[PDB]
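Breakdown of the fold
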Amino acid sequence: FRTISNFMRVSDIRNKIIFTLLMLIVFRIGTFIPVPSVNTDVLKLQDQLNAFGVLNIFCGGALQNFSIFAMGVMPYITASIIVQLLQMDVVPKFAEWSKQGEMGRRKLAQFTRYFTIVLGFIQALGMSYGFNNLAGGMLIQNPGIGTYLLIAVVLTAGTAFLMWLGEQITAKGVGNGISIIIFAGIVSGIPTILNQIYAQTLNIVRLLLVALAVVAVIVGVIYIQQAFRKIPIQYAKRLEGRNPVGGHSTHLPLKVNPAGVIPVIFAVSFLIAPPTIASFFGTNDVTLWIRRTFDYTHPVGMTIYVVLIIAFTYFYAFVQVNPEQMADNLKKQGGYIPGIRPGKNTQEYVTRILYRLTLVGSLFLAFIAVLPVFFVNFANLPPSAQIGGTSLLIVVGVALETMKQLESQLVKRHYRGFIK
Amino acid sequence: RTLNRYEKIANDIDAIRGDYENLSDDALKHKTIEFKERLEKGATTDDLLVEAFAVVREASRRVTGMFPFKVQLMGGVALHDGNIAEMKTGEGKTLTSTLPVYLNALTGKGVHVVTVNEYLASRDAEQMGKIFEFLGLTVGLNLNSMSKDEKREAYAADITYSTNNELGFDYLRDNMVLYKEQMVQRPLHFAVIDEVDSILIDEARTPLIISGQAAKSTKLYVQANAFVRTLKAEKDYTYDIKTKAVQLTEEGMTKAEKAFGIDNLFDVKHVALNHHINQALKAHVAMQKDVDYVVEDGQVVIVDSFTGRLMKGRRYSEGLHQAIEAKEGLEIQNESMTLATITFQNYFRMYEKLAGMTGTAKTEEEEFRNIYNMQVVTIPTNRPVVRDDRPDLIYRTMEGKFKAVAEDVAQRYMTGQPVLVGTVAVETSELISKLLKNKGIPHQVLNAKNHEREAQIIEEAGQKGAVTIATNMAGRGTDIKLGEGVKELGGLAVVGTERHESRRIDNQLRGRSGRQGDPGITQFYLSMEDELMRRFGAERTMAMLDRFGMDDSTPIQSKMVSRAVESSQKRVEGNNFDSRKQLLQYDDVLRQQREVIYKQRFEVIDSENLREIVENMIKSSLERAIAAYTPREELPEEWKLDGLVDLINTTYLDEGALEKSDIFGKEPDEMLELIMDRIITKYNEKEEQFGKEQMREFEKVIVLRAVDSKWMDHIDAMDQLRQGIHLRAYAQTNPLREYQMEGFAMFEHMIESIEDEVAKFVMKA
Amino acid sequence: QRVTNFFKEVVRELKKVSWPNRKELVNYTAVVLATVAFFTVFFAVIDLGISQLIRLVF
Ligand SMILES: Nc1ncnc2c1ncn2[C@@H]1O[C@H](COP(=O)(O)OP(=O)(O)O)[C@@H](O)[C@H]1O
Ligand code: BEF
Ligand SMILES: [Mg+2]
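Residues numbered from 1 in each chain as written, not as in the entry; some residues may be left out. Chains lettered and ligands numbered in written order. Heavy atoms only, no water.

Per the deposited record, cryo-EM is how this structure was determined, to a resolution of 3.97 Å.

Shown next, in the form of structure tokens:
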């Protein structure tokens with residue numbers, strides 16, 4: 001295409017594209033490096049398929065990885081969503097820190113980094129112990145607590161290195177940092193999944209139907225993700241004379257899916273917590289029943305999963321948008337929806353807008369989240385695929401946002417002038 | 001390390017000032033001629049630095065009696081390098097300005113010495129102009145009251161002393177001229193900015209804006225002022241003390257809709273009434289009379305927030321000045337209309353070399369590194385600071401604080417030590433003057449209203465037994481000299497009465513006391529209902545002022561109130577930091593647009609033939625008119641080409657000269673070339689009949705009028721966009737990127753309109 | 001029957017949403033499929049390269 005040749009003609013855009021690709025090569029290089037005392041052959045023997053590499057296994061229908069980047073930035077994700085939930089009328093110090101401005105925000109960012117290190121340590125301990133139980137105690141050689149804390153501190157060092165790499169690739173690179181690293185994790189898992197689907201193989205036309213359905217779902221995801229309900233906003237603090245246009249008018253855009261993917265975080269925590277607390281109690285009748293009904297590849301568990309995605313989309317849409325804080329900010333800065341009094345009436349106006357938009361966005365999110373179950377069941381795919389889950393939403397969003405960032409860097413060169 | 005370099009160069013200057021001493025005048029005035037021809041043959045200013053500085057040292061000892069110390073030479077070398085010389089208050093920064101100003105005015109391109117107000121500019125211009133006119137250069141002083149010819153003579157001199165407002169407004173008015181010979185300024189070459197942190201940090205929060213008067217309305221101002229004057233300060237409006245925002249309550253909105261006969265105040269047909277009600281609220285509640293303005297000769301005159309003096313030409317924007325004039329019962333003037341805008345960052349970053357000196361730079365050092373690429377260099381003092389900075393005396397009420405201040409001033413007046421009390425507003429200064437009137441203490445007051453006697457008051461303010469109450473006017477650059485016996489009493493006790501918006505500003509007040517190794521006391525008397533504590537104090541510590549009791553004869557001897565005072569001042573400093581950062585990046589967008597427009601408008605002005613410029617404008621307008629019809633999609637004859645023929649005959653080619661047959665079935669570029677060569681021969685007939693230079697005058701007027709009108713509309717539309725852009729941040733975008741993209745689209749549509757207007761007005765006239 | 005009134009309101013609300021038109025829908029799908037295909041090939045090639053270098057160095 002012409003536009004990717006226009007990018008490489010500007011030197012700054014090409015400079016940060018090449019820096020981003022070098023940081024992704026660094027991330028992949030580190031994903032090949034094993035952990036200290038983890039005895040890689042029993043790890044590579046644990047899988048149910050044949051992945052590429054020795055640290056990549058196909059466990060639980062997912063491409064698991066046990067390098068020094070085994071956690072990825074997942075502790076940063078869960079630390080940020082916990083800190084964000086704590087800002088909203090639970091911990092008061094965080095509330096006033098958010099209320100301060102761009103310096104109390106730095107206090108919240110510092111707390112999120114320290115909480116990231118703490119949660120990365122706890123997750124690395126749980127992950128190494130659970131993987132060692134999965135291998136039968138054979139995964140860790142010398143299973144003493146000094147070796148577990150060595151493994152935990154090196155996985156936490158890997159995750160903190162990935163966060164530094166994200167800071168680099170957002171300072172000197174193409175876009176957001178952590179989002180590019182998450183995108184890299186997903187689409188670096190893609191080629192071995194394609195190799196498994198090839199190593200499996202009416203089937204050629206079945207995979208052609210699957211690829212056409214994947215392009216159809218990518219089009220539907222772009223359609224919902226790029227759609228805003230634009231509420232018009234009128235400001236009554238400038239004279240606005242001399243024929244105001246009306247084309248670039250001020251508005252307040254609400255997304256159709258304002259929550260994002262975070263409702264699936266809350267729904268899968270609600271779906272994994274009963275099997276772990278039943279796994280601590282040993283095998284019984286009710287332990288096996290809890291394990292059988294909270295498994296979302298079977299219709300009772302899929303129904304509980306869909307219901308929790310819809311309910312947590314409503315909760316997190318009203319957490320993310322917060323129509324009361326929106327109405328107060330609109331009243332304070334002097335704007336108003338035309339026709340609606342700027343106090344409580346705009347709060348309940350945009351509350352009604354948010355109820356309807358959140359219904360459509362929650363149904364889209366639940367359908368996207370239970371799509372890979374249907375592709376695996378009704379396309380005879382291997383269960384390794386997870387083809388069209390919320391990783392599809394993450395991939396589409398990061399691709400489109402990086403493209404928009406690049407075109408915004410591009411247009412600063414094209415200031416024409418009437419003389420030319 | 002650069003400070004050892006500055007010490008080395010200062011010792012070099014010391015050796016050769018040993019050499020330069022026994023030279024007559026006319027042999028020391030000849031050194032300027034010698035340096036000018038050596039600077040024209042092959043030398044640079046950096047090679048001439050030690051001989052030029054030794055010549056200025058000797059000339060200064062011959063004229064003013066002052067022979068600059070070696071720390072003044074170190075500050076002069078730090079100013080020649082383009083850095084910021086942070087010499088302390090009282091140290092002698094005016095002579096250290098005269099060293100690199102002489103060195104950099106030898107090339108003939110002009111040096112601007114910028115100061116904060118016109119008292120300091122005229123004072124420094126007089127003394128240091130005596131030095132420079134001994135040496136043989138020419139010193140102009142650019143004031144607000146001069147005409148354009150006197151301003152052109154001031155900028156044509158070798159060294160020009162002005163304030164930052166006049167330099168900014170002269171730049172903005174030079175890009176609104178019609179002839180090149182109406183510009184007063186020369187190309188901008190070197191600026192030595194005295195009090196850099198006032199000008200480049202504090203006052204850089206604001207833009208300079210040249211307006212021109214629009215049509216007058218008056219009935220809605222009197223109507224909204226008569227409404228707001230009956231409005232019950234707690235039921236019908238809330239005044240937010242933190243950010244001084246006055247808003248109606250729902251009871252007040254109901255009363256507004258009843259008083260004006262409307263049904264909804266928040267419609268889109270009542271946006272003018274809502275604007276007038278809001279500006280009458282701000283004029284009544286948030287704009288107090290002797291704090292924010294004054295009424296002089298039936299006019300509302302703005303008291304400047306930084307300099308503390310009256311800004312005579314300046315008026316409040318967006319109808320606030322007219323609401324204040326309706327509030328005060330004065331004659332309501334016309335509206336205004338922004339013609340030009342610049343910020344002080346974007347003005348002083350045009351200057352090819354920028355230096356500066358101040359007393360209080362080090363805390364803002366990284367800001368000076370991030371924007372201006374200037375490095376704060378700290379200079380020693382040559383005599384230690386013997387000034388006594390006592391800690392603040394915090395009180396419960398303002399009446400107890402002011403009783404304490406008057407008691408302190410009374411017991412320092414009894415010994416004979418001169419006192420300088422430092423307030424901020426004009427009304428608190430008159431309050432403390434009447435607090436010393438009874439108690440029988442003879443004083444002087446230096447308000448914004450008492451600016452005529454200022455140079456007299458400062459000459460008596462350091463005598464024996466001299467009380468001076470002074471607002472922000474005094475505490476920035478004022479040099480109070482001590483009288484006889486006053487240095488034995490520990491002369492000039494400065495008694496501040498409030499914390500300012502930074503530590504730099506109250507350090508400048510203390511610097512009024514210090515003054516190069518002389519003794520001096522600086523006591524601040526704060527209060528707990530001071531405006532800094534009421535507006536920015538945290539609500540925890542604002543609860544126990546009942547715990548401290550209600551007496552106010554002795555100060556609060558706590559350590560939780562001192563932490564509250566310091567944290568409130570740091571909160572103001574952080575707010576101002578972020579506000580000036582925001583103004584910086586959004587005026588970087590408008591800076592790129594303004595630099596393009598102003599450069600091309602200037603080369604419209606000094607172009608002795610405009611045929612190529614106007615023809616490229618007509619061709620660009622014509623290409624867009626061709627491509628507005630004739631799109632890429634519907635190629636075979638769904639192209640509506642008689643509409644295009646009608647457009648060409650209404651815009652370019654005099655009503656009959658094109659039919660459908662001339663452009664039927666043609667490629668867009670060949671019909672463009674056909675219409676374009678018809679336009680060229682029509683232009684050649686116009687240039688033949690109309691004249692040759694008369695045609696250039698005609699289309700220069702057309703082009704400049706189009707550029708000016710569309711650029712004023714673009715400044716307005718760009719302001720409206722910057723109003724709504726944080727609301728764009730509600731949709732999880734970066735709002736600065738949205739501002740940049742919509743500003744680019746708006747700018748390019750503006751230039752298309754310029755080309756369309758110039759094409760139509762040239763071809764159809 | 002409140003729920004059918006609510007679903008009529010949802011359908012009425014979806015017509016005020018500013019959905020992407022077909023031109024930018026096709027351009028967006030082109031960008032997404034180009035990014036996914038390029039990074040699939042890029043990551044397969046650097047996995048092969050790191051695997052050969054790992055086989056060399058051990
Ligand atoms: N080299 C010198 N010798 C004697 N007096 C000096 C010398 N340099 C400055 N002074 C005096 O010291 C005072 C310092 O004032 P000024 O230079 O205005 O302070 P600031 O540095 O804050 O502008 C001035 O009154 C000036 O007359
Ligand atoms: F002119 Be100074 F900073 F006292
Ligand atoms: Mg000075």
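Structure shown, so let's carry the discussion forward.
Structural notes on the sheet that holds strand β10 (residues 299–303) of chain B
Residue and element names in this part refer to chain B. Spatially, β9-β10-β11 is the arrangement adopted by the 3 strands of the open sheet, whose pairing is antiparallel. With one partner strand each, in any of the chains shown, β9 (293–296) and β11 (310–311) form the two edges of the open sheet. As paired strands, β9 and β10 are joined by 4 bridges and run antiparallel to one another. Paired with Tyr293 across the strands is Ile302, a residue of β10. Packing of helix α15 (residues 320–328) onto the sheet brings it into contact with β9 and β10, and relative to β10 it is tilted by some 125 degrees. (Pairing = 2+ DSSP bridges. Helix = DSSP H or I, 4+ residues; strand = E, 2+ residues; numbered from the N terminus. Contact = heavy atoms within 4.5 Å. Axes fitted to C-alpha atoms, helices over the stretch in contact; angles between N-to-C directions.)

Focus: the interface of chain A and chain B
The interface of chain A with chain B comprises 44 residues on the first partner and 50 residues on the second. For the pair chain A and chain B, the summed buried surface comes to about 4,700 Å²; carbon and sulfur atoms form 54% of the total. A per-residue breakdown of the area chain A buries against chain B is headed by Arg238, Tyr415 and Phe418 of chain A, which together make up 20% of the total. Taken together, the links from chain A to chain B amount to 8 salt bridges. Residue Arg416 of chain A is joined to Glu748 of chain B by a salt bridge in which the shortest nitrogen-to-oxygen separation is 3.9 Å. Across the contact surface, chain A and chain B share 11 residue pairs in polar contact. When residues of the side of chain A that touches chain B are traced back to their parent elements, those giving at least two are β4 (234–235), β5 (251–255), α13 (323–333) and α15 (390–410) of chain A. (Buried area = accessible area lost by both parts, 1.4 Å probe. Salt bridge = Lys/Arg side-chain N within 4 Å of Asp/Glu carboxyl O. Polar contact = N/O pair within 3.5 Å; in protein donor to acceptor, adjacent residues only side chain to side chain.)

Side note on the packing of helix α4 (residues 70–80) of chain B against helix α5 (residues 93–104) of chain B
Residues and elements named next belong to chain B. Taken N-terminus to C-terminus, the directions of α4 and α5 make an angle of 45 degrees; their axes are 8 Å apart at the nearest point. On the basis of the axis angle, α4 is oblique to α5. At the point where α4 passes α5, the crossing takes the right-handed sense. Taken together, the residues of α5 that come into contact with α4 (itself represented by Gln72, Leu73, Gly75, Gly76, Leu79 and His80) are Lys93, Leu95, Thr96, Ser97, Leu99, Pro100, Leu103 and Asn104. Its residues assigned to classes, the contact of α4 with α5 shows 6 nonpolar, 7 polar and 1 charged. (Parallel < 35°, antiparallel > 145°, perpendicular 65-115°, else oblique. Left-handed = near helix turned anticlockwise from the far one by under 90°. Nonpolar A, V, L, I, M, F, W, Y, C, P; charged D, E, K, R; others polar.)

Observations regarding the pattern of salt bridges
Residue and element names in this part refer to chain B. Counted according to the given criterion, the structure contains 74 salt bridges over all chains. Measuring nitrogen to oxygen at the nearest pair gives 3.8 Å for the salt bridge that ties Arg591 to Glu595. You can see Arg591 and its partner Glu595 sitting in helix α23 (residues 560–605), 4 residues apart, about one turn around the helix. Taken together, the salt bridges that share partners define one network made up of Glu195, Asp197, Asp202, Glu364, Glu367, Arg476, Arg504 and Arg580.

With respect to the packing of aromatic side chains
Under the defined criterion, the tally for this structure stands at 35 aromatic pairs over all chains. Judged by centre distance (5.4 Å) and plane angle (75 degrees), the rings of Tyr336 of chain A and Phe266 of chain B are edge-to-face. Of this pair, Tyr336 of chain A sits in strand β6 (residues 335–336) while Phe266 of chain B sits in the loop between α12 (250–259) and α13 (271–286), placing the two residues on different chains. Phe266 of chain B gets classed as buried once you look at its relative accessible area, which sits at 7%. Grouping aromatic residues by their ring pairs yields a cluster made of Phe183 of chain A together with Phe38, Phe39, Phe42 and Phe43 of chain C. The aromatic ring of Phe190 of chain B is capped on one face by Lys353 of chain B, whose charged end is 4.9 Å from the ring centroid. (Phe/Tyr/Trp six-rings, centres within 6.5 Å; stacked < 30°, edge-to-face > 60°. Buried < 20%, exposed > 50% of the residue type's maximum accessible area, 1.4 Å probe, protein only. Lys NZ or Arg CZ within 6 Å of the ring centre and 35° of its normal.)

Concerning the domain arrangement of chain B
Residue and element names in this part refer to chain B. What the domain assignment reports for chain B is domain 1 (2–211 + 345–378), domain 2 (212–344), domain 3 (388–572) and domain 4 (590–764). On a C-alpha basis, the centres of domain 1 and domain 3 stand 33 Å from each other. At the junction of the two partners, domain 1 supplies 18 residues and domain 3 supplies 15 residues. Both faces considered, domain 1 and domain 3 share a buried interface measuring about 1,300 Å² in area, 44% of it formed by carbon and sulfur atoms. Looking only at domain 1, the three residues that lose the most surface to domain 3 are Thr89, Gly90 and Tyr119, adding up to 39% of its buried area. For the pair domain 1 and domain 3, the interface holds 5 salt bridges. As a salt-bridge pair, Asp202 and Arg504 come within 2.6 Å of each other at their nearest N and O atoms. Inspection of the domain 1/domain 3 interface yields 5 residue pairs in polar contact. Looking at the side of domain 1 that touches domain 3, the elements with two or more residues in it are α6 (118–135) and α9 (196–202). The dominant element in the side of domain 1 that touches domain 3, judged by the number of residues it contributes, is α9, at 4 residues. (Domains from an automatic or database assignment.)

Some thoughts on the environment of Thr287 of chain A
Residues and elements named next belong to chain A. Inspection of the secondary structure assignment puts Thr287 in helix α11 (residues 285–293). On a C-alpha basis, the gap between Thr287 and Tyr316 in space is 31 Å, while along the polypeptide they are 29 residues apart. In this structure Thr287 touches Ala278, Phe281 and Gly282, once residues within four positions along its chain are discounted. In terms of polar contacts, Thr287 uses its side chain to reach the backbone carbonyl oxygen of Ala278, at 3.3 Å.

Here we look at the site of ligand 1
Residues and elements named next belong to chain B. Neighbouring ligand 1 are 16 residues; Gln72, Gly92, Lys93, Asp479 and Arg515 lie closest to it. Contact distances for ligand 1 include 3.4 Å between an oxygen atom and a side-chain N or O atom of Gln516. Its residues assigned to classes, the shell around ligand 1 shows 5 nonpolar, 5 polar and 6 charged. The two domains that each donate at least three residues to the shell around ligand 1 are domain 1 (2–211 + 345–378) and domain 3 (388–572). (Near = heavy atom within 4 Å.)

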